[PDB]
Amino acid sequence: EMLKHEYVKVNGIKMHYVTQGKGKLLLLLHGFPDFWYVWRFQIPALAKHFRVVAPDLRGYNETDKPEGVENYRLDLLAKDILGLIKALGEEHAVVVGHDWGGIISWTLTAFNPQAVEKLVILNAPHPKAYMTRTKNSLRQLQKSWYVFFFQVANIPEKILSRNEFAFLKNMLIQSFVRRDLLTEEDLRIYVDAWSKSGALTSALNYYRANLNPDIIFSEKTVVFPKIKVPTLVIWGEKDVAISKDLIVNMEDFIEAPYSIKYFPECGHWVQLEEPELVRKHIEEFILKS
Amino acid sequence: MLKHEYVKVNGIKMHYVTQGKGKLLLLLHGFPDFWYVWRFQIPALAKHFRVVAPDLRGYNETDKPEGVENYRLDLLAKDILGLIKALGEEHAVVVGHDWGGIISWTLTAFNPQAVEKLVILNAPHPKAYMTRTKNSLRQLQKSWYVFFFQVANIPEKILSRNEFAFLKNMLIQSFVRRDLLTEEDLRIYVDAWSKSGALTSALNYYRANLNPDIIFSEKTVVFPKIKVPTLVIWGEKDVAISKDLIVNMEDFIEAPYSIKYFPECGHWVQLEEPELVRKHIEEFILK
Ligand SMILES: C=C(C)[C@@H]1CC[C@]2(C)O[C@@H]2C1
Ligand SMILES: C=C(C)[C@@H]1CC[C@]2(C)O[C@@H]2C1
Ligand SMILES: C=C(C)[C@@H]1CC[C@]2(C)O[C@@H]2C1
Ligand SMILES: C=C(C)[C@@H]1CC[C@]2(C)O[C@@H]2C1
Ligand SMILES: [Cl-]
Ligand SMILES: [Cl-]
Ligand SMILES: [Cl-]
Ligand SMILES: [Cl-]
């Protein structure tokens with residue numbers, strides 16, 4: 001087996017992905033400020049049992065980057081993944097999502113349960129949990145200072161990209177509980193992906209479209225179907241972006257059986273900090289029902 | 001007793017309350033307050049001084065020019081310099097809380113001749129916040145709302161809806177005493193917040209002086225040292241300001257300086273320990 005790079009048209013966007021292995025379709029979905037490469041430690045080990053597919057989401061790295069904030073609404077992002085499953089000649093997939101990848105995964109599974117065999121979430125709060133609780137959590141509103149910063153046009157792009165993405169590199173390094181987690185080669189690979197024309201604006205449009213102050217402080221109740229697919233939630237407790245207030249009491253959101261695996265000595269990038277334990281928990285969940 | 005007055009300063013009409021006679025003593029409020037934040041200090045300080053508590057540009061009964069550019073710190077300090085002159089004085093003892101304190105630091109640094117003594121209550125030195133915020137995760141987190149306030153119209157709508165419920169809650173959460181504000185106090189605050197254009201004007205202070213360009217500026221700040229006797233009163237349980245921004249204030253002051261820490265107080269130290277605050281201010285001026 002060897003890691004192959006492919007491109008496929010889904011809805012109206014050309015999506016890039018890396019793939020390795022054969023068997024059940026296993027999707028690995030990254031978040032901000034990542035791309036398929038965040039899954040580097042899981043792809044070869046998982047490919048021993050599955051047909052592993054790690055795509056670049058809409059607006060990231062090698063995938064198409066439509067213009068406009070409205071093109072980054074969660075509904076369209078979940079439809080890209082649904083479209084990806086179909087384009088890969090499958091009816092369903094095991095879906096693993098981290099950060100934005102996780103928010104998209106929760107959305108895909110709630111609105112299209114038939115397309116998701118099993119759901120794996122890594123440090124990604126349930127959309128109804130964040131929509132309901134953020135406005136009522138001072139600690140969460142504080143952790144989300146940058147979500148408000150990202151609302152502003154052009155200025156965050158400028159601040160984040162200047163001096164070879166120094167601000168972005170620093171904010172990333174500060175989020176890790178592990179020392180020197182990114183090598184100089186890793187940083188050079190991330191800077192290449194970050195530098196793709198229109199990538200940063202597109203990545204920031206996820207916050208502008210789905211996490212603007214109107215949505216955060218909405219008085220309207222959220223229409224979100226219960227999760228009806230077996231779910232595994234992995235949570236690195238030392239998360240600098242997400243409060244525990246947003247992960248507790250998932251009972252009212254998940255009807256199907258579910259499990260929560262807490263990593264008390266890990267942060268937001270649990271798949272980078274404990275790559276083998278994360279890979280093992282994912283494998284065991286799928287292969288042992 | 002307490003008298004309400006209006007006076008022309010620069011190109012704006014400024015409202016203020018005044019009580020007492022003697023040395024001119026200015027009390028400057030911040031966000032989301034007005035002269036009324038000084039209710040517990042005005043009658044006691046009037047006993048020895050000519051107390052003047054104005055409503056800053058854009059607040060309550062004072063003129064509210066339209067546009068973000070009309071709320072730059074340079075213009076706000078010039079309003080106070082102008083207010084000193086309009087009251088028939090050369091100088092004043094300046095006491096500033098929050099934005100009032102930021103204005104006071106600015107007035108004292110660029111016009112020392114207009115300030116007899118300085119009193120700062122939970123207001124970081126402008127050079128301290130401009131330099132240190134971008135380097136303090138804890139401060140950037142505490143300042144989530146500064147970023148929220150950058151957005152047009154949406155913060156005004158969220159803050160004012162349901163009779164300013166969001167504003168009332170964020171204010172109550174900032175106090176170290178659960179039932180500090182009475183139902184009457186809250187209706188007095190809602191009246192001042194409801195003044196036509198008041199909320200937008202108050203939010204324009206953040207848009208003009210604390211936008212992301214300023215916070216993450218690579219350029220160093222030109223700010224003269226404080227050459228006037230300075231007293232700093234600080235409530236340590238401040239939800240808006242990290243201690244990182246208040247440490248090493250001596251490197252900004254080339255004059256007598258003293259700092260009184262209130263470990264069991266928050267941002268509204270003048271409301272939480274009104275007598276102790278009044279006493280520290282009185283003792284500093286009269287000695
Ligand atoms: C807790 C949050 C507001 C955020 C939601 C969006 C993102 C990418 O998943 C992180 C945490
Ligand atoms: C660039 C940033 C301000 C953010 C900081 C927090 C988080 C979760 O790590 C991302 C990038
Ligand atoms: C410390 C901060 C970034 C701000 C500065 C402005 C104000 C009124 O004092 C509050 C908090
Ligand atoms: C209403 C708000 C968002 C803020 C919350 C924090 C602070 C210092 O109390 C002010 C008002
Ligand atoms: Cl690539
Ligand atoms: Cl752990
Ligand atoms: Cl009044
Ligand atoms: Cl105290």
# chains A, B, ... in the order shown; residues from 1 in each chain; ligands from 1
>>> residues_around(residues="segment 130-142 of chain A", least_positions_apart="4", cutoff="12 Å", atoms="only C-alpha atoms", output="ChimeraX atom specification")
/A:103,124-126,146-149,210-224,239-250,253 /B:137-148,158,166,169-170,173-174,239-240
>>> select_by_dssp(residues="segment 105-287 of chain A", states="helix (DSSP H, G or I)", output="ChimeraX atom specification")
/A:105-111,113-115,127-136,138-143,145-149,155-175,184-194,199-210,213-216,244-246,250-252,270-273,275-287
>>> select_by_dssp(residues="segment 53-257 of chain A", states="strand (DSSP E)", output="ChimeraX atom specification")
/A:53-55,93-98,116-122,231-236
>>> write_last_selection(atoms="C-alpha atoms", output="mmCIF file, in the first residue's frame")
data_model
loop_
_atom_site.group_PDB
_atom_site.id
_atom_site.type_symbol
_atom_site.label_atom_id
_atom_site.label_comp_id
_atom_site.auth_asym_id
_atom_site.auth_seq_id
_atom_site.Cartn_x
_atom_site.Cartn_y
_atom_site.Cartn_z
ATOM 1 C CA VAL A 53 -9.937 8.780 2.699
ATOM 2 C CA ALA A 54 -8.675 12.129 4.146
ATOM 3 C CA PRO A 55 -9.980 15.077 2.070
ATOM 4 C CA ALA A 93 -18.918 5.605 5.504
ATOM 5 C CA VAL A 94 -17.412 5.588 8.956
ATOM 6 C CA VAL A 95 -16.986 9.354 9.583
ATOM 7 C CA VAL A 96 -14.175 10.727 11.819
ATOM 8 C CA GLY A 97 -14.153 14.489 12.297
ATOM 9 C CA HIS A 98 -11.863 16.860 14.203
ATOM 10 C CA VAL A 116 -23.026 7.331 8.197
ATOM 11 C CA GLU A 117 -22.235 3.867 9.570
ATOM 12 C CA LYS A 118 -20.415 5.050 12.701
ATOM 13 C CA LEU A 119 -19.590 8.525 13.977
ATOM 14 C CA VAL A 120 -16.178 9.496 15.585
ATOM 15 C CA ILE A 121 -15.806 13.048 17.004
ATOM 16 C CA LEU A 122 -12.445 14.554 18.175
ATOM 17 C CA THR A 231 -21.087 7.507 18.289
ATOM 18 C CA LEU A 232 -17.580 7.721 19.782
ATOM 19 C CA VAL A 233 -16.571 11.118 21.257
ATOM 20 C CA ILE A 234 -12.807 11.644 21.989
ATOM 21 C CA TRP A 235 -12.027 14.746 24.129
ATOM 22 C CA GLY A 236 -8.602 16.203 25.028
#
>>> closest_residue(among="A:259, A:151, A:175, A:170", to="chain B", atoms="only C-alpha atoms")
A:151
>>> closest_atom_pairs(of="chain B", to="ligand 8", cutoff="7 Å", atoms="only C-alpha atoms and all ligand atoms", output="JSON lines")
{"residue": "B:262", "atom": "CA", "partner": "ligand 8", "partner_atom_place_in_ligand_line": "1 (Cl)", "distance": 3.9}
{"residue": "B:263", "atom": "CA", "partner": "ligand 8", "partner_atom_place_in_ligand_line": "1 (Cl)", "distance": 4.7}
{"residue": "B:264", "atom": "CA", "partner": "ligand 8", "partner_atom_place_in_ligand_line": "1 (Cl)", "distance": 3.7}
{"residue": "B:265", "atom": "CA", "partner": "ligand 8", "partner_atom_place_in_ligand_line": "1 (Cl)", "distance": 4.8}
>>> residues_around(residues="residue 234 of chain B", least_positions_apart="2", cutoff="12 Å", atoms="only C-alpha atoms", output="count of residues only")
39
>>> closest_residue(among="B:135, B:250, B:222, B:244", to="chain A", atoms="only C-alpha atoms")
B:135
>>> residues_around(residues="segment 205-215 of chain B", least_positions_apart="4", cutoff="10 Å", atoms="only C-alpha atoms", output="PyMOL selection string")
(chain A and resi 149-150+152+155-156+158-159) or (chain B and resi 31+57-58+67-74+76+99+126+129-135+140+143+145-152+200-201+219)
>>> write_last_selection(atoms="C-alpha atoms", output="JSON list (two decimals), in the first residue's frame")
[["chain", "number", "residue", "atom", "x", "y", "z"],
["A", 149, "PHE", "CA", -11.82, 38.53, 15.83],
["A", 150, "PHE", "CA", -12.36, 36.41, 12.62],
["A", 152, "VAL", "CA", -13.93, 41.33, 10.70],
["A", 155, "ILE", "CA", -7.80, 42.46, 8.92],
["A", 156, "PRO", "CA", -7.64, 38.84, 10.40],
["A", 158, "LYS", "CA", -3.58, 40.22, 7.12],
["A", 159, "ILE", "CA", -2.64, 39.63, 10.81],
["B", 31, "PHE", "CA", -18.21, 51.66, 29.96],
["B", 57, "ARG", "CA", -18.56, 62.16, 24.62],
["B", 58, "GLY", "CA", -21.42, 59.96, 23.38],
["B", 67, "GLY", "CA", -18.85, 58.17, 13.19],
["B", 68, "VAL", "CA", -16.13, 55.92, 14.73],
["B", 69, "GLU", "CA", -13.39, 58.53, 14.00],
["B", 70, "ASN", "CA", -15.07, 60.97, 16.47],
["B", 71, "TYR", "CA", -14.21, 58.58, 19.36],
["B", 72, "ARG", "CA", -10.41, 58.42, 18.98],
["B", 73, "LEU", "CA", -8.60, 58.87, 22.35],
["B", 74, "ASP", "CA", -6.88, 62.09, 21.14],
["B", 76, "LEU", "CA", -11.68, 62.36, 24.09],
["B", 99, "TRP", "CA", -12.24, 54.50, 29.67],
["B", 126, "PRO", "CA", -2.41, 52.87, 27.17],
["B", 129, "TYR", "CA", -2.38, 47.57, 26.88],
["B", 130, "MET", "CA", -1.03, 48.39, 23.34],
["B", 131, "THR", "CA", 2.24, 46.51, 23.99],
["B", 132, "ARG", "CA", 1.11, 43.61, 26.25],
["B", 133, "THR", "CA", -2.42, 42.53, 25.01],
["B", 134, "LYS", "CA", -1.18, 40.78, 21.81],
["B", 135, "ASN", "CA", 1.34, 38.88, 24.04],
["B", 140, "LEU", "CA", -6.98, 38.43, 24.63],
["B", 143, "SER", "CA", -11.11, 40.99, 25.77],
["B", 145, "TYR", "CA", -16.09, 41.39, 23.81],
["B", 146, "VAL", "CA", -13.66, 44.05, 22.45],
["B", 147, "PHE", "CA", -13.52, 41.90, 19.26],
["B", 148, "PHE", "CA", -17.31, 41.33, 19.42],
["B", 149, "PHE", "CA", -17.88, 45.17, 19.58],
["B", 150, "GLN", "CA", -15.94, 45.66, 16.25],
["B", 151, "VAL", "CA", -18.91, 44.36, 14.22],
["B", 152, "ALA", "CA", -21.45, 46.99, 13.03],
["B", 200, "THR", "CA", -23.35, 53.04, 19.26],
["B", 201, "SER", "CA", -21.22, 55.95, 20.57],
["B", 219, "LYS", "CA", 4.73, 49.59, 15.59]]
>>> residues_near_ligand(ligand="ligand 5", cutoff="12 Å", atoms="only C-alpha atoms and all ligand atoms", output="MDAnalysis selection string")
chainID A and resid 3:7 15:19 34:38 40 54:57 60:63 189:196
>>> write_last_selection(atoms="C-alpha atoms", output="mmCIF file, in the first residue's frame")
data_model
loop_
_atom_site.group_PDB
_atom_site.id
_atom_site.type_symbol
_atom_site.label_atom_id
_atom_site.label_comp_id
_atom_site.auth_asym_id
_atom_site.auth_seq_id
_atom_site.Cartn_x
_atom_site.Cartn_y
_atom_site.Cartn_z
ATOM 1 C CA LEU A 3 -0.591 7.000 -0.112
ATOM 2 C CA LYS A 4 -2.281 8.325 -3.276
ATOM 3 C CA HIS A 5 -3.474 11.880 -4.022
ATOM 4 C CA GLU A 6 -6.758 12.149 -5.945
ATOM 5 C CA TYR A 7 -9.317 14.794 -7.067
ATOM 6 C CA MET A 15 -12.254 18.159 -3.853
ATOM 7 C CA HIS A 16 -8.693 16.869 -3.245
ATOM 8 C CA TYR A 17 -8.033 13.895 -0.986
ATOM 9 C CA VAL A 18 -5.357 11.424 -0.022
ATOM 10 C CA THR A 19 -6.225 7.709 0.193
ATOM 11 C CA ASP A 34 -5.245 22.056 9.129
ATOM 12 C CA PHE A 35 -5.768 19.928 5.984
ATOM 13 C CA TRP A 36 -5.501 16.182 5.221
ATOM 14 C CA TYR A 37 -1.926 16.217 6.656
ATOM 15 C CA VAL A 38 -3.204 16.493 10.282
ATOM 16 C CA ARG A 40 -0.438 11.725 9.000
ATOM 17 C CA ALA A 54 -8.675 12.129 4.146
ATOM 18 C CA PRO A 55 -9.980 15.077 2.070
ATOM 19 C CA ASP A 56 -9.212 18.806 2.106
ATOM 20 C CA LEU A 57 -12.464 20.519 2.972
ATOM 21 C CA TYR A 60 -8.625 24.307 2.022
ATOM 22 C CA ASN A 61 -5.258 23.462 0.475
ATOM 23 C CA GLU A 62 -5.877 21.691 -2.915
ATOM 24 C CA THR A 63 -9.734 21.712 -2.813
ATOM 25 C CA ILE A 189 4.253 21.756 4.666
ATOM 26 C CA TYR A 190 1.597 23.730 6.721
ATOM 27 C CA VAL A 191 2.896 27.115 5.280
ATOM 28 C CA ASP A 192 2.508 25.689 1.749
ATOM 29 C CA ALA A 193 -1.143 24.698 2.450
ATOM 30 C CA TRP A 194 -1.854 28.035 4.242
ATOM 31 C CA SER A 195 -0.389 30.014 1.320
ATOM 32 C CA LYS A 196 -2.761 28.569 -1.336
#
>>> atom_distance(atom1="atom CA of residue 77 of chain B", atom2="atom CA of residue 160 of chain B")
27.5 Å
>>> closest_residue(among="B:256, B:274, B:22, B:32", to="ligand 3", atoms="only C-alpha atoms and all ligand atoms")
B:32
>>> closest_atom_pairs(of="chain B", to="ligand 7", cutoff="10 Å", atoms="only C-alpha atoms and all ligand atoms", output="tab-separated table")
residue	atom	partner	partner_atom_place_in_ligand_line	distance
B:4	CA	ligand 7	1 (Cl)	7.6
B:5	CA	ligand 7	1 (Cl)	9.8
B:15	CA	ligand 7	1 (Cl)	8.0
B:16	CA	ligand 7	1 (Cl)	8.1
B:17	CA	ligand 7	1 (Cl)	8.0
B:34	CA	ligand 7	1 (Cl)	8.0
B:35	CA	ligand 7	1 (Cl)	7.4
B:36	CA	ligand 7	1 (Cl)	7.5
B:54	CA	ligand 7	1 (Cl)	9.6
B:55	CA	ligand 7	1 (Cl)	8.3
B:59	CA	ligand 7	1 (Cl)	9.7
B:60	CA	ligand 7	1 (Cl)	6.5
B:61	CA	ligand 7	1 (Cl)	6.2
B:62	CA	ligand 7	1 (Cl)	9.3
B:188	CA	ligand 7	1 (Cl)	8.5
B:189	CA	ligand 7	1 (Cl)	9.6
B:191	CA	ligand 7	1 (Cl)	8.7
B:192	CA	ligand 7	1 (Cl)	7.1
>>> write_last_selection(atoms="N, CA, C and O atoms", output="tab-separated table (two decimals), in the first residue's frame")
chain	number	residue	atom	x	y	z
B	4	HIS	N	-27.09	69.74	38.00
B	4	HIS	CA	-26.86	69.28	36.64
B	4	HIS	C	-26.59	70.50	35.78
B	4	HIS	O	-27.34	71.47	35.84
B	5	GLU	N	-25.51	70.47	35.00
B	5	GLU	CA	-25.13	71.58	34.13
B	5	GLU	C	-24.68	71.08	32.76
B	5	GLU	O	-24.38	69.89	32.60
B	15	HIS	N	-22.56	67.40	29.35
B	15	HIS	CA	-23.37	67.42	30.56
B	15	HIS	C	-22.51	66.92	31.71
B	15	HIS	O	-21.69	66.01	31.55
B	16	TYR	N	-22.72	67.52	32.89
B	16	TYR	CA	-22.05	67.11	34.11
B	16	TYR	C	-22.90	67.41	35.32
B	16	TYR	O	-23.81	68.24	35.26
B	17	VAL	N	-22.61	66.71	36.40
B	17	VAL	CA	-23.20	66.96	37.70
B	17	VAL	C	-22.08	67.56	38.55
B	17	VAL	O	-20.91	67.23	38.34
B	34	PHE	N	-21.88	56.22	33.36
B	34	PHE	CA	-22.08	57.65	33.13
B	34	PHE	C	-21.78	58.30	34.48
B	34	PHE	O	-21.28	57.59	35.35
B	35	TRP	N	-22.02	59.60	34.67
B	35	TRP	CA	-21.69	60.27	35.93
B	35	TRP	C	-22.17	59.50	37.17
B	35	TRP	O	-21.52	59.57	38.20
B	36	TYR	N	-23.32	58.79	37.05
B	36	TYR	CA	-24.00	58.08	38.13
B	36	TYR	C	-23.15	57.00	38.80
B	36	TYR	O	-23.42	56.68	39.96
B	54	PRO	N	-18.55	64.49	34.72
B	54	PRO	CA	-19.23	64.64	33.43
B	54	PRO	C	-19.63	63.31	32.78
B	54	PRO	O	-19.17	62.23	33.18
B	55	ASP	N	-20.47	63.42	31.76
B	55	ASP	CA	-20.83	62.30	30.90
B	55	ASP	C	-19.87	62.49	29.74
B	55	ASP	O	-19.75	63.61	29.21
B	59	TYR	N	-22.09	59.72	25.71
B	59	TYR	CA	-22.81	59.12	26.83
B	59	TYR	C	-23.92	59.98	27.37
B	59	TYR	O	-23.78	61.20	27.45
B	60	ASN	N	-24.98	59.31	27.82
B	60	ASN	CA	-26.14	59.86	28.50
B	60	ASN	C	-26.62	61.22	27.94
B	60	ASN	O	-27.22	61.25	26.86
B	61	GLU	N	-26.34	62.33	28.64
B	61	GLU	CA	-26.81	63.66	28.27
B	61	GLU	C	-25.83	64.50	27.46
B	61	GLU	O	-26.19	65.60	27.04
B	62	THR	N	-24.61	64.00	27.24
B	62	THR	CA	-23.57	64.69	26.47
B	62	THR	C	-23.81	64.46	24.98
B	62	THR	O	-24.43	63.46	24.62
B	188	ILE	N	-32.31	53.37	36.09
B	188	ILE	CA	-31.53	54.60	35.87
B	188	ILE	C	-30.46	54.33	34.77
B	188	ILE	O	-30.34	55.14	33.84
B	189	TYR	N	-29.75	53.17	34.84
B	189	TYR	CA	-28.75	52.77	33.85
B	189	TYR	C	-29.41	52.57	32.47
B	189	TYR	O	-28.89	53.10	31.48
B	191	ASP	N	-32.15	53.93	31.34
B	191	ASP	CA	-32.50	55.27	30.84
B	191	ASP	C	-31.31	55.91	30.12
B	191	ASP	O	-31.45	56.36	28.99
B	192	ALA	N	-30.13	55.90	30.76
B	192	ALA	CA	-28.89	56.43	30.20
B	192	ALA	C	-28.45	55.66	28.95
B	192	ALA	O	-28.04	56.28	27.98
>>> closest_residue(among="B:196, B:220, B:153, B:108", to="chain A", atoms="only C-alpha atoms")
B:153
